[PDB]
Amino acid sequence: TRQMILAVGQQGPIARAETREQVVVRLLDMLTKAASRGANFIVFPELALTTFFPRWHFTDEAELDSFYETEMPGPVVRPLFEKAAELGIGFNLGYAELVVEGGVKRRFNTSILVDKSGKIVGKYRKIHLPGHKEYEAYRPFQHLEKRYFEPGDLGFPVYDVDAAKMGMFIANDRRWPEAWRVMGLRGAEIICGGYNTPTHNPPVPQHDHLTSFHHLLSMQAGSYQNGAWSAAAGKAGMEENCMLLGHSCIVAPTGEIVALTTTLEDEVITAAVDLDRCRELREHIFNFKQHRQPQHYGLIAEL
């Protein structure tokens, strides 16, 4: 019948001193809880294995590297995959990826989709990196993603995960219609990812009180206009003196929010998902083939 139960595993803060073993325990706990509630897939936050390190300027490269994964899964994260396979619940995990290619230490803000058999189905590397590249004194806390990561090199793919077409986005990506549209054009039925969104923005603080609004607006508009179910898992709460936005959510292809977290701690929410619901949009008001006039969208792709 093409139905399933989707879950979002919101994370509370992760301390700089908090170990990966300790984080995995928290992830295993949420995954198990989701499974008990019938979930077949659970979405975890962006960079969900450590504290959001981009908030600090590093001078020691060994220290910076400590926040990156060189294996996936490694012995420490392995338990999550084993449990996922055991309980038959896939997941989307975000983490910092360090890979050496041709003499270059490549760093990506990454996310992976694992199916209900514990097998990695696909990867995505954050294409829209927000923030800045150089330390900025006027900021109460940094957001050096442009310094610690390079734009993703995998485009915006859509993978078959347990009979569901799933596309991945990572945090800031959710605000760009292009990311949603490319995956929408690739037939995504579910577009999911996580985020680390401070409720304070140094560059434009006059938008602080609109942090939730902008986050939900992006999720709802993206889902609706592409007729795709969506889910966003944030890492929220006061993490290392920086308040992070909560309001993790699951959204229907109509843009209707069907599930929303209300705490700023580890929290699991779930919602029944009918993949055929996407047709109400993609076969009608948003029947791409019947209505789109791409001959007029060229500027969007100009370099």
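Residue indices: 1-based, along the sequence shown.
For the pair 185 to 193 and 80 to 88, the mean Cα B-factor is higher in 80 to 88. The deposited model assigns a higher average Cα B-factor to 287 to 295 than to the other stretch when 287 to 295 and 6 to 14 are compared.
Looking at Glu46, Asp29, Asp266, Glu256, the one whose CA carries the top B-factor in the deposited record is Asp29. Looking only at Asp208, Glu178, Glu134, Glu145, the residue with the top Cα B factor in the deposited structure is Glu134. When all modelled residues of the chain are sorted by CA temperature factor, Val24 is found within the highest third. When the CA B factors of the chain's modelled residues are split into thirds, the value for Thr50 lands in the middle one. Ranked by C-alpha B-factor against the other modelled residues of its chain, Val158 falls in the middle third. The PDB entry assigns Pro140 a C-alpha temperature factor belonging to the highest third of its chain's modelled residues. Sorting the modelled residues of the chain by their CA temperature factor places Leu64 in the highest third.
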